[PDB]
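Novice: There's a structure below that I have some questions on.
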Amino acid sequence: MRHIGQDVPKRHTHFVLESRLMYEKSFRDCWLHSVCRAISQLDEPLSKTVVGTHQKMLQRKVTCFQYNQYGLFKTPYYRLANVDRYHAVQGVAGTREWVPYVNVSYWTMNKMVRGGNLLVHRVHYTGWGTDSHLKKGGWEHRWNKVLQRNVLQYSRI
Amino acid sequence: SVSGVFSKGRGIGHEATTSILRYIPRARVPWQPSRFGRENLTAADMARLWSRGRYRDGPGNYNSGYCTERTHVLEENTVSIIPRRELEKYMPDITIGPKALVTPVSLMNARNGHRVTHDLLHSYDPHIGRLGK
Amino acid sequence: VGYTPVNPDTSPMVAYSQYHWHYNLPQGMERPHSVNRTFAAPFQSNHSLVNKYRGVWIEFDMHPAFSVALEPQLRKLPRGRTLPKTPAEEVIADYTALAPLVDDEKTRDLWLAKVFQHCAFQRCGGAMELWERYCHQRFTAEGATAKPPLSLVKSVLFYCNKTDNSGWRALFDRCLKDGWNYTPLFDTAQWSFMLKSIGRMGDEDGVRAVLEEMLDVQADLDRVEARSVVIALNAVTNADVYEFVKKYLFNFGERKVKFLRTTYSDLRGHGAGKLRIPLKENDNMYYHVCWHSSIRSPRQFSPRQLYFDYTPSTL
Amino acid sequence: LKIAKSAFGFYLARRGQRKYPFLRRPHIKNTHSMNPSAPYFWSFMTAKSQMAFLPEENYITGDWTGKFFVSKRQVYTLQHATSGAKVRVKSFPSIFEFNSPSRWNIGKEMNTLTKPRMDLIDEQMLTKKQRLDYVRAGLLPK
Amino acid sequence: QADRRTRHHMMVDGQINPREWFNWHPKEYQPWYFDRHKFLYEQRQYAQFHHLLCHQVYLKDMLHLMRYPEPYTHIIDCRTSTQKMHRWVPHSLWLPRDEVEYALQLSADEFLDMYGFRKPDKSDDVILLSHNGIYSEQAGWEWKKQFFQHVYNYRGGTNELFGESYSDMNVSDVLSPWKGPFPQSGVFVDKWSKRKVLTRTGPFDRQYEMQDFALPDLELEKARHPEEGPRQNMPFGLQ
RNA sequence: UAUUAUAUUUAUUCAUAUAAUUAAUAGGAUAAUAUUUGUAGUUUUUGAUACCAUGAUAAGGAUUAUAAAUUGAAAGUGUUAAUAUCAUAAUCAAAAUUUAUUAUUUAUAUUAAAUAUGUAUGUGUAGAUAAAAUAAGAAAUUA
Ligand SMILES: O=c1ccn([C@@H]2O[C@H](COP(=O)(O)OP(=O)(O)OP(=O)(O)O)[C@@H](O)[C@H]2O)c(=O)[nH]1
Ligand SMILES: [Mg+2]
Ligand SMILES: [Mg+2]
């Protein structure tokens with residue numbers, strides 16, 4: 001510490017590790033958080049069994065419990081910083097400066113693609129691509145088709 | 001001539017073992033023979049180090065509510081802390097206590113393995129949170 | 001190029017190079033690999049086995065007649081993996097009272113062995129009387145021919161170790177090749193308890209006799225429990241026995257010896273609380289067990305430590 | 001960045017005037033948070049439902065020594081006015097205090113009571129060049 | 001504060017600095033064990049002879065073969081000097097070590113004429129014998145190089161049998177402290193970076209490490225150092 | 001001179017960054033028995049830092065034309081590998097406009113879920129500027 005015997009060339013790479021822990025904290029807190037939200041905000045009766053004064057009471061009890069949880073991770077994902085695992089360059093996701101499937105910044109994607117490190121395939125810079133789905137409706141459509149095979153092809157039970 | 005980060009440190013292991021054990025040469029890491037690790041920090045220094053490093057929530061940060069300084073300076077302006085007895089007059093105290101920080105075993109799988117809602121992650125294994133012990 | 005090296009699996013400029021397989025060649029497996037088949041490793045976990053009985057199994061063989069007949073008396077004594085809290089005075093009273101009524105030798109002795117084991121777990125000292133009253137006459141005294149049932153011996157021995165008792169040495173001695181030849185049938189836990197007791201009491205000579213027999217009988221040395229080896233070795237102050245214990249220490253394995261050292265350094269160290277009776281100071285045996293450990297481990301190179309004072313000479 | 005107003009001046013690039021996807025700009029700077037509306041008074045930059053509970057930040061959650069400023073999403077409550085206790089908020093340059101308590105504040109978040117961009121400008125935080133550029137826009141007199 | 005011993009120096013006093021972790025051929029970090037308490041020729045300095053070693057025969061086997069000889073097992077005495085040999089190992093025969101290379105190249109007849117007993121066939125068991133078990137070993141290598149199928153060395157041989165303390169050769173465990181500069185025959189240029197780097201030959205050699213290693217008795221080891229403790233020339237963190 | 005056309009159309013009020021500690025390994029049910037449950041030897045080093053500390057990929061139309069055919073270029077635009085010898089400055093929310101380098105919704109009906117912009121009606125009106133010959137539809141003043 002205090003720049004004595006530092007192992008990595010960029011110190012900020014460590015931040016990337018910190019980020020990982022954030023996601024970990026979210027896995028630990030998501031279910032809990034969301035349940036406490038849903039039970040708190042519910043105006044209709046909770047159920048046949050819990051109604052009226054009991055329900056009001058229980059609602060307040062729960063949001064009191066949720067406020068008491070120190071360090072519970074409530075931060076929405078789009079507000080977490082995206083930072084490269086390689087050069088610790090940052091980019092805004094949903095922008096052309098962040099590349100989502102490798103999760104690296106434009107700067108690193110460029111460097112890694114041009115000196116061959118990533119295996120990708122070059123496609124004409126101006127179109128939609130080789131891909132059928134993108135060719136049809138662009139980004140939104142492909143987004144949809146991904147939803148369709150993750151979820152909708154199942155008739156859940 | 002000498003610039004240290006910490007003034008003093010202490011040994012992880014105690015007299016009976018050490019006084020005899022020293023006659024046997026131990027191989028230190030060849031490229032950095034001296035090791036000063038977080039087990040070796042003094043009590044004070046460990047406290048300080050442990051407060052920092054937790055973004056906003058953590059007690060190190062002046063505004064977390066756990067700050068022991070009576071004064072803090074924002075851009076040449078000195079701000080005096082509002083004591084909690086006073087903070088409470090307009091900002092009601094709803095405090096369950098420590099039981100609020102621990103869910104039952106029953107929920108451990110919902111929570112991806114944890115019982116503890118604290119700010120640092122808590123491991124149930126011996127080694128990650130190991131200090132000397 | 002950089003301080004961060006390329007990772008050879010993900011980089012096509014490694015994978016498809018001339019020193020590896022290009023993606024246009026035919027992609028089949030190069031050579032087969034049989035590793036696990038040629039030379040296989042035996043399973044030894046870093047963690048101890050979770051289900052193991054961890055005690056001295058006393059082997060209850062009773063005829064299923066007296067087993068039913070004696071049930072209200074035996075229900076008070078330990079059954080498999082179950083240790084009823086009945087006070088030992090009561091159990092011994094029941095044996096003294098009811099046992100002469102039973103006619104079987106084998107039954108009376110299985111029953112006795114249960115009583116002993118029960119009194120070993122509570123550490124009640126007045127149970128050896130039972131040995132002198134019933135068994136001593138036909139087993140240990142005046143070259144009596146009779147050969148005691150194994151379970152009884154195991155039980156009594158286990159009792160002499162749990163309650164530290166000079167008596168053990170007389171029994172143990174009868175178990176060697178010329179006597180009952182029971183020693184090769186002992187459990188690893190048996191040896192463990194024996195060593196620990198003998199160590200507390202502080203007989204170097206008991207320790208030596210026992211280590212010799214253990215080795216000859218092919219006990220499982222590496223799985224003898226480390227604490228008890230340490231407490232036994234710690235007891236050795238005599239020059240000759242000391243010599244013996246160096247030469248002997250070469251019988252343990254690499255791993256065992258490393259943890260002999262760790263355990264030793266803990267028991268006089270941080271973990272000094274872990275013992276019911278504190279260790280006694282042997283600086284010599286401590287130093288030696290550490291030294292031995294250092295000798296038997298792989299050696300590492302720390303050149304700035306070795307050659308710290310090296311100066312070249314033009315002689 | 002050109003001028004470093006914080007640490008991040010060193011780490012971040014501006015990238016000219018660059019477009020971000022809708023309602024995600026990396027830095028949340030709410031210039032509009034105090035933006036007067038009589039008819040929208042209770043719906044603008046406040047809770048979407050009046051049956052929502054006050055946020056975390058109106059409550060003392062744990063054992064505290066004390067705080068320096070309360071958060072700006074804290075909502076002004078009758079006790080803020082009545083109790084006569086320090087109510088601070090972190091604004092720039094340093095801190096804004098609610099000193100002169102009014103019931104007209106009640107039920108709104110302090111976001112809304114603290115003007116982020118003041119019509120007041122320090123001439124001493126400005127370079128001679130920057131002061132020139134503020135005279136061009138017809139802000140500073142000269 | 002710092003000095004030549006403590007600082008990073010490529011070279012100290014015109015020769016490669018042995019203190020730098022990066023001045024050694026990486027192969028020197030690979031794990032090894034201490035030899036020294038083992039039999040002389042098993043040790044690592046004799047590695048060129050390792051392919052040649054002999055299967056052992058212990059004292060038990062020796063007494064057994066004294067009382068219960070086998071017709072085609074030969075016990076061959078290798079003791080070199082007649083001045084030192086006053087007893088006769090039962091059923092043994094005398095081929096002194098010095099003659100072996102010649103002896104084993106005689107025909108059956110010629111061998112009979114020179115040593116006065118039949119030359120063992122190459123199938124038969126041949127047990128070798130000496131004072132310490134050193135000359136018997138070297139002789140063994142000879143017998144093994146002519147290809148004799150069963151050649152056993154009995155280490156500790158005549159000394160254990162008769163309780164004599166004699167030695168075949170005078171060799172001592174202590175190495176003379178290394179004299180000159182570090183030998184250019186051990187200096188190892190690297191093939192990629194063309195960088196000169198030390199090896200564990202010479203003044204730096206594992207023999208020297210094992211030789212000066214801590215004694216295995218606390219009392220004798222404490223005697224070796226001053227009151228305050230074992231290494232006080234070093235900074236705390238190098239100790 | 002033959003291997004074939006710039007004088008058409010549409011545009012121009014352009015702003016956004018914050019609350020300091022980067023240094024190591026460690027395996028568990030259905031496994032032939034390791035409490036190795038609970039594995040405990042401070043302290044001799046100094047660069048990527050807020051700071052001098054070489055390398056490397058951008059943008060930028062001006063004459064290899066039609067057939068079975070692409071209107072985007074190497075001359076280098078923060079983050080990357082041998083020069084060290086002032087300093088912990090890094091997002092996990094809710095925050096402070098001066099920066100050449102940016103296509104905004106213009107008159108029937110107008111704030112409901114993460115909080116989301118109060119300001120400039122002025123005769124389509126200075127100077128000066130931007131873009132296009134590619135599934136569109138434009139045709140005659142080369143070196
Ligand atoms: O390897 C171990 C680990 C732990 N222990 C635990 O240490 C506790 C006290 O440590 P002791 O080892 O002094 O007790 P003990 O001889 O009376 O225990 P037994 O082994 O005879 O039962 C004991 O009661 C046992 O639970 C061991 O005995 N051995
Ligand atoms: Mg450049
Ligand atoms: Mg940090």
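In the structure tokens, chains take letters A, B, ... by order of appearance, with residues numbered from 1 within each chain and ligands from 1 in the order shown.
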List all protein, DNA and RNA residues that have an atom no more than 12 Å from any atom of ligand 3, counting only C-alpha atoms (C1' of nucleotides) and all ligand atoms, and report them as a list in words.
Specialist: residues 1, 2, 11, 12, 13, 14, 15, 16, 17, 18 and 19 of chain A; 52, 53, 54, 55 and 56 of chain B; 7 of chain D; 19, 20, 21, 22, 88, 89, 90, 91 and 92 of chain F
Novice: Enumerate as a ChimeraX atom specification the residues belonging to chain B that approach chain A to within 9 Å, with only C-alpha atoms taken into account.
Specialist: /B:5,57-58,94-97,100-101,110-114,116-121
Novice: Please extract the residues at most 12 Å from ligand 2, counting only C-alpha atoms (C1' of nucleotides) and all ligand atoms, and provide them as a PDB file with N, CA, C and O atoms (P, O5', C5', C4', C3', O3' and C1' of nucleotides), in the first residue's frame, using the chain letters and residue numbers of this document.
Specialist:
ATOM      1  P     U F  54       7.847   6.977 -20.753  1.00  0.00           P
ATOM      2  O5'   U F  54       8.488   7.556 -22.099  1.00  0.00           O
ATOM      3  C5'   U F  54       7.722   7.722 -23.279  1.00  0.00           C
ATOM      4  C4'   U F  54       8.501   7.320 -24.509  1.00  0.00           C
ATOM      5  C3'   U F  54       7.788   6.372 -25.458  1.00  0.00           C
ATOM      6  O3'   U F  54       6.930   7.068 -26.341  1.00  0.00           O
ATOM      7  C1'   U F  54      10.085   5.763 -25.197  1.00  0.00           C
ATOM      8  P     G F  55       5.347   6.819 -26.301  1.00  0.00           P
ATOM      9  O5'   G F  55       5.061   6.023 -27.649  1.00  0.00           O
ATOM     10  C5'   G F  55       4.996   4.603 -27.639  1.00  0.00           C
ATOM     11  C4'   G F  55       5.794   4.007 -28.760  1.00  0.00           C
ATOM     12  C3'   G F  55       5.127   2.832 -29.460  1.00  0.00           C
ATOM     13  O3'   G F  55       5.622   2.769 -30.797  1.00  0.00           O
ATOM     14  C1'   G F  55       7.124   2.105 -28.503  1.00  0.00           C
ATOM     15  P     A F  56       4.733   3.295 -32.028  1.00  0.00           P
ATOM     16  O5'   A F  56       3.964   1.984 -32.511  1.00  0.00           O
ATOM     17  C5'   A F  56       2.699   2.073 -33.147  1.00  0.00           C
ATOM     18  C4'   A F  56       1.728   1.072 -32.588  1.00  0.00           C
ATOM     19  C3'   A F  56       0.332   1.604 -32.302  1.00  0.00           C
ATOM     20  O3'   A F  56      -0.502   1.610 -33.444  1.00  0.00           O
ATOM     21  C1'   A F  56       1.122   0.477 -30.406  1.00  0.00           C
ATOM     22  P     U F  57      -0.634   2.933 -34.342  1.00  0.00           P
ATOM     23  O5'   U F  57      -2.152   2.896 -34.815  1.00  0.00           O
ATOM     24  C5'   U F  57      -2.548   1.948 -35.794  1.00  0.00           C
ATOM     25  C4'   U F  57      -3.903   1.355 -35.513  1.00  0.00           C
ATOM     26  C3'   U F  57      -4.971   2.310 -34.995  1.00  0.00           C
ATOM     27  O3'   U F  57      -6.197   1.887 -35.587  1.00  0.00           O
ATOM     28  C1'   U F  57      -4.782   0.477 -33.527  1.00  0.00           C
ATOM     29  P     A F  58      -6.918   2.729 -36.756  1.00  0.00           P
ATOM     30  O5'   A F  58      -8.243   3.202 -36.010  1.00  0.00           O
ATOM     31  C5'   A F  58      -9.147   4.093 -36.614  1.00  0.00           C
ATOM     32  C4'   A F  58      -9.498   5.234 -35.710  1.00  0.00           C
ATOM     33  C3'   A F  58      -9.940   6.460 -36.467  1.00  0.00           C
ATOM     34  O3'   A F  58     -11.275   6.370 -36.913  1.00  0.00           O
ATOM     35  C1'   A F  58      -8.381   7.087 -34.830  1.00  0.00           C
ATOM     36  P     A F  75      -3.095   7.128 -41.971  1.00  0.00           P
ATOM     37  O5'   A F  75      -1.747   7.897 -41.636  1.00  0.00           O
ATOM     38  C5'   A F  75      -1.276   7.906 -40.298  1.00  0.00           C
ATOM     39  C4'   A F  75       0.184   8.260 -40.203  1.00  0.00           C
ATOM     40  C3'   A F  75       0.622   9.504 -40.983  1.00  0.00           C
ATOM     41  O3'   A F  75       1.454  10.309 -40.150  1.00  0.00           O
ATOM     42  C1'   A F  75       2.028   7.676 -41.498  1.00  0.00           C
ATOM     43  P     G F  76       0.799  11.501 -39.292  1.00  0.00           P
ATOM     44  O5'   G F  76      -0.155  10.758 -38.257  1.00  0.00           O
ATOM     45  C5'   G F  76       0.287  10.457 -36.936  1.00  0.00           C
ATOM     46  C4'   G F  76      -0.871  10.089 -36.047  1.00  0.00           C
ATOM     47  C3'   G F  76      -0.495   9.604 -34.652  1.00  0.00           C
ATOM     48  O3'   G F  76      -1.539   9.955 -33.736  1.00  0.00           O
ATOM     49  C1'   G F  76      -1.621   7.877 -35.809  1.00  0.00           C
ATOM     50  P     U F  77      -1.689  11.451 -33.136  1.00  0.00           P
ATOM     51  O5'   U F  77      -3.274  11.674 -33.082  1.00  0.00           O
ATOM     52  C5'   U F  77      -3.895  12.493 -32.095  1.00  0.00           C
ATOM     53  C4'   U F  77      -5.266  11.976 -31.709  1.00  0.00           C
ATOM     54  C3'   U F  77      -5.361  11.224 -30.393  1.00  0.00           C
ATOM     55  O3'   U F  77      -5.386  12.060 -29.257  1.00  0.00           O
ATOM     56  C1'   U F  77      -6.508  10.012 -32.033  1.00  0.00           C
ATOM     57  P     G F  78      -4.461  11.700 -27.993  1.00  0.00           P
ATOM     58  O5'   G F  78      -4.782  10.165 -27.660  1.00  0.00           O
ATOM     59  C5'   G F  78      -5.833   9.784 -26.777  1.00  0.00           C
ATOM     60  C4'   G F  78      -5.343   9.636 -25.359  1.00  0.00           C
ATOM     61  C3'   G F  78      -5.169   8.227 -24.816  1.00  0.00           C
ATOM     62  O3'   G F  78      -3.935   7.654 -25.221  1.00  0.00           O
ATOM     63  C1'   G F  78      -6.222   9.614 -23.202  1.00  0.00           C
ATOM     64  P     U F  79      -3.752   6.067 -25.439  1.00  0.00           P
ATOM     65  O5'   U F  79      -3.942   5.442 -23.997  1.00  0.00           O
ATOM     66  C5'   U F  79      -3.050   5.793 -22.956  1.00  0.00           C
ATOM     67  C4'   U F  79      -3.463   5.178 -21.650  1.00  0.00           C
ATOM     68  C3'   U F  79      -3.523   3.654 -21.658  1.00  0.00           C
ATOM     69  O3'   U F  79      -2.997   3.162 -20.427  1.00  0.00           O
ATOM     70  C1'   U F  79      -5.607   4.533 -20.977  1.00  0.00           C
ATOM     71  P     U F  80      -1.461   2.684 -20.357  1.00  0.00           P
ATOM     72  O5'   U F  80      -1.416   1.445 -21.347  1.00  0.00           O
ATOM     73  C5'   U F  80      -1.944   0.189 -20.959  1.00  0.00           C
ATOM     74  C4'   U F  80      -1.202  -0.920 -21.639  1.00  0.00           C
ATOM     75  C3'   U F  80       0.316  -0.789 -21.597  1.00  0.00           C
ATOM     76  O3'   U F  80       0.898  -2.089 -21.483  1.00  0.00           O
ATOM     77  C1'   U F  80      -0.429  -0.756 -23.851  1.00  0.00           C
TER      78        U F  80
END
Novice: Within 12 Å of residue D:1, counting only C-alpha atoms (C1' of nucleotides), which residues qualify if same-chain residues fewer than 5 places away don't, as a PDB file with N, CA, C and O atoms (P, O5', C5', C4', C3', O3' and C1' of nucleotides), in the first residue's frame?
Specialist:
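The file below, around-v3.pdb, is the result:
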ATOM      1  N   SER D   6     -12.573  17.616  -8.922  1.00  0.00           N
ATOM      2  CA  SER D   6     -12.478  16.527  -7.958  1.00  0.00           C
ATOM      3  C   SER D   6     -11.336  15.647  -8.399  1.00  0.00           C
ATOM      4  O   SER D   6     -10.593  16.011  -9.308  1.00  0.00           O
ATOM      5  N   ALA D   7     -11.195  14.490  -7.763  1.00  0.00           N
ATOM      6  CA  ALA D   7     -10.225  13.507  -8.214  1.00  0.00           C
ATOM      7  C   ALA D   7     -10.503  13.107  -9.651  1.00  0.00           C
ATOM      8  O   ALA D   7      -9.583  12.980 -10.459  1.00  0.00           O
ATOM      9  N   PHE D   8     -11.778  12.927  -9.976  1.00  0.00           N
ATOM     10  CA  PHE D   8     -12.148  12.291 -11.235  1.00  0.00           C
ATOM     11  C   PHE D   8     -11.740  13.087 -12.457  1.00  0.00           C
ATOM     12  O   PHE D   8     -11.664  12.537 -13.556  1.00  0.00           O
ATOM     13  N   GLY D   9     -11.434  14.365 -12.251  1.00  0.00           N
ATOM     14  CA  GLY D   9     -10.884  15.191 -13.303  1.00  0.00           C
ATOM     15  C   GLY D   9      -9.714  14.501 -13.978  1.00  0.00           C
ATOM     16  O   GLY D   9      -9.502  14.669 -15.175  1.00  0.00           O
ATOM     17  N   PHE D  10      -8.966  13.705 -13.222  1.00  0.00           N
ATOM     18  CA  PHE D  10      -7.815  13.000 -13.776  1.00  0.00           C
ATOM     19  C   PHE D  10      -8.194  11.735 -14.539  1.00  0.00           C
ATOM     20  O   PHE D  10      -7.533  11.374 -15.508  1.00  0.00           O
ATOM     21  N   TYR D  11      -9.207  11.022 -14.065  1.00  0.00           N
ATOM     22  CA  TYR D  11      -9.535   9.719 -14.637  1.00  0.00           C
ATOM     23  C   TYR D  11     -10.459   9.770 -15.867  1.00  0.00           C
ATOM     24  O   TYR D  11     -10.327   8.960 -16.784  1.00  0.00           O
ATOM     25  N   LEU D  12     -11.402  10.710 -15.868  1.00  0.00           N
ATOM     26  CA  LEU D  12     -12.444  10.786 -16.898  1.00  0.00           C
ATOM     27  C   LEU D  12     -12.126  11.648 -18.116  1.00  0.00           C
ATOM     28  O   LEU D  12     -11.454  12.681 -18.018  1.00  0.00           O
ATOM     29  N   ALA D  13     -12.630  11.195 -19.261  1.00  0.00           N
ATOM     30  CA  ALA D  13     -12.643  11.969 -20.501  1.00  0.00           C
ATOM     31  C   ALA D  13     -14.058  12.505 -20.726  1.00  0.00           C
ATOM     32  O   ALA D  13     -15.032  11.882 -20.312  1.00  0.00           O
ATOM     33  N   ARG D  14     -14.177  13.669 -21.353  1.00  0.00           N
ATOM     34  CA  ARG D  14     -15.490  14.231 -21.641  1.00  0.00           C
ATOM     35  C   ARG D  14     -16.127  13.579 -22.863  1.00  0.00           C
ATOM     36  O   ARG D  14     -17.325  13.291 -22.851  1.00  0.00           O
ATOM     37  N   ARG D  15     -15.309  13.343 -23.897  1.00  0.00           N
ATOM     38  CA  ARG D  15     -15.727  12.841 -25.223  1.00  0.00           C
ATOM     39  C   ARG D  15     -16.619  13.850 -25.948  1.00  0.00           C
ATOM     40  O   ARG D  15     -17.589  13.470 -26.609  1.00  0.00           O
ATOM     41  N   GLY D  16     -16.284  15.132 -25.834  1.00  0.00           N
ATOM     42  CA  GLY D  16     -17.064  16.170 -26.483  1.00  0.00           C
ATOM     43  C   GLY D  16     -18.456  16.188 -25.895  1.00  0.00           C
ATOM     44  O   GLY D  16     -18.631  15.832 -24.730  1.00  0.00           O
TER      45      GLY D  16
ATOM     46  P     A F  17     -20.839  18.735 -15.204  1.00  0.00           P
ATOM     47  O5'   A F  17     -20.533  17.390 -14.437  1.00  0.00           O
ATOM     48  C5'   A F  17     -19.321  17.274 -13.741  1.00  0.00           C
ATOM     49  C4'   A F  17     -19.317  16.082 -12.845  1.00  0.00           C
ATOM     50  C3'   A F  17     -17.940  15.826 -12.258  1.00  0.00           C
ATOM     51  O3'   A F  17     -18.026  15.419 -10.897  1.00  0.00           O
ATOM     52  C1'   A F  17     -18.626  13.965 -13.557  1.00  0.00           C
ATOM     53  P     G F  78      -4.461  11.700 -27.993  1.00  0.00           P
ATOM     54  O5'   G F  78      -4.782  10.165 -27.660  1.00  0.00           O
ATOM     55  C5'   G F  78      -5.833   9.784 -26.777  1.00  0.00           C
ATOM     56  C4'   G F  78      -5.343   9.636 -25.359  1.00  0.00           C
ATOM     57  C3'   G F  78      -5.169   8.227 -24.816  1.00  0.00           C
ATOM     58  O3'   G F  78      -3.935   7.654 -25.221  1.00  0.00           O
ATOM     59  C1'   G F  78      -6.222   9.614 -23.202  1.00  0.00           C
ATOM     60  P     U F  99     -13.168  26.310 -19.481  1.00  0.00           P
ATOM     61  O5'   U F  99     -13.353  24.985 -20.336  1.00  0.00           O
ATOM     62  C5'   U F  99     -13.573  25.063 -21.727  1.00  0.00           C
ATOM     63  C4'   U F  99     -14.277  23.843 -22.242  1.00  0.00           C
ATOM     64  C3'   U F  99     -14.556  23.866 -23.727  1.00  0.00           C
ATOM     65  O3'   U F  99     -13.430  23.479 -24.500  1.00  0.00           O
ATOM     66  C1'   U F  99     -16.514  23.223 -22.563  1.00  0.00           C
TER      67        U F  99
END
Novice: Taking 6 positions as the minimum chain separation for residues in the same chain, which residues sit within 12 Å of residue B:34 when counting only C-alpha atoms (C1' of nucleotides)? Answer as a ChimeraX atom specification.
Specialist: /B:26-28,40 /C:302,304-305 /E:6,234-239 /F:23,42-45
Novice: For ligand 1, return the neighbouring residues as a PyMOL selection string (distance at most 9 Å; only C-alpha atoms (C1' of nucleotides) and all ligand atoms).
Specialist: (chain C and resi 55+121+123+161-163+192-193+196-197+200+225-228+273-278) or (chain F and resi 35+37)
Novice: Please check the contacts: residues of chain B at most 6 Å away from chain D, using only C-alpha atoms, listed as an MDAnalysis selection string.
Specialist: chainID B and resid 63 65:66 74 81:84 90:95
Novice: Can you tell me how far atom CA of residue A:113 sits from atom CA of residue D:22, in Å to one decimal?
Specialist: 29.4 Å
Novice: Residues of chain A within 10 Å of chain C, counting only C-alpha atoms - could you list those as an NGL selection string?
Specialist: :A and (7-10 or 86-87 or 112-113 or 115-120)
Novice: Could you list, as a PDB file with C-alpha atoms, in the first residue's frame, the residues of chain C having an atom within 6 Å of chain F when counting only C-alpha atoms (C1' of nucleotides)?
Specialist:
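Output (iface-v1.pdb):
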ATOM      1  CA  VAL C   1       3.619  -7.665 -24.904  1.00  0.00           C
ATOM      2  CA  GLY C   2       2.669  -6.069 -21.615  1.00  0.00           C
ATOM      3  CA  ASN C  46      -7.340 -33.209   4.039  1.00  0.00           C
ATOM      4  CA  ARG C 223      -3.571 -42.377  11.491  1.00  0.00           C
TER       5      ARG C 223
END
Novice: Would you list the contacts of residue C:283 as a list in words, taking every protein, DNA or RNA residue within 12 Å and counting only C-alpha atoms (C1' of nucleotides), but skipping same-chain residues closer than 4 positions in sequence?
Specialist: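 Counting only the stated atoms, we get residues 16, 17, 18, 19, 20, 21 and 23 of chain B; 233, 234, 235, 236, 237, 264, 265, 268, 279, 287, 288, 289 and 290 of chain C; 217, 218, 219 and 222 of chain E.
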Novice: Please extract the residues of chain A with a backbone DSSP assignment of strand (DSSP E or B) and present them as a list in words.
Specialist: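 Checking each residue of chain A, the strand (DSSP E or B) ones are residues 83, 90, 93, 95, 98, 99, 104 and 105 of chain A.
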Novice: Which chain B residues have any atom within 6 Å of an atom of chain E, and for each, what is the nearest pair of atoms with distance in Å to one decimal, counting only C-alpha atoms, rows sorted by chain and number, as JSON lines?
Specialist:
{"residue": "B:30", "atom": "CA", "partner": "E:21", "partner_atom": "CA", "distance": 5.7}
{"residue": "B:31", "atom": "CA", "partner": "E:21", "partner_atom": "CA", "distance": 5.7}
{"residue": "B:33", "atom": "CA", "partner": "E:238", "partner_atom": "CA", "distance": 5.9}
{"residue": "B:34", "atom": "CA", "partner": "E:237", "partner_atom": "CA", "distance": 4.4}
Novice: Using DSSP secondary structure from the backbone, list all helix (DSSP H, G or I) positions within stretch 37-123 of chain E, as a PyMOL selection string.
Specialist: chain E and resi 40-42+44-52+59-67+82-84+97-103+108-115
Novice: Within 10 Å of residue F:84, counting only C-alpha atoms (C1' of nucleotides), which residues qualify if same-chain residues fewer than 3 places away don't, as an NGL selection string?
Specialist: :F and (47-48 or 52-53)
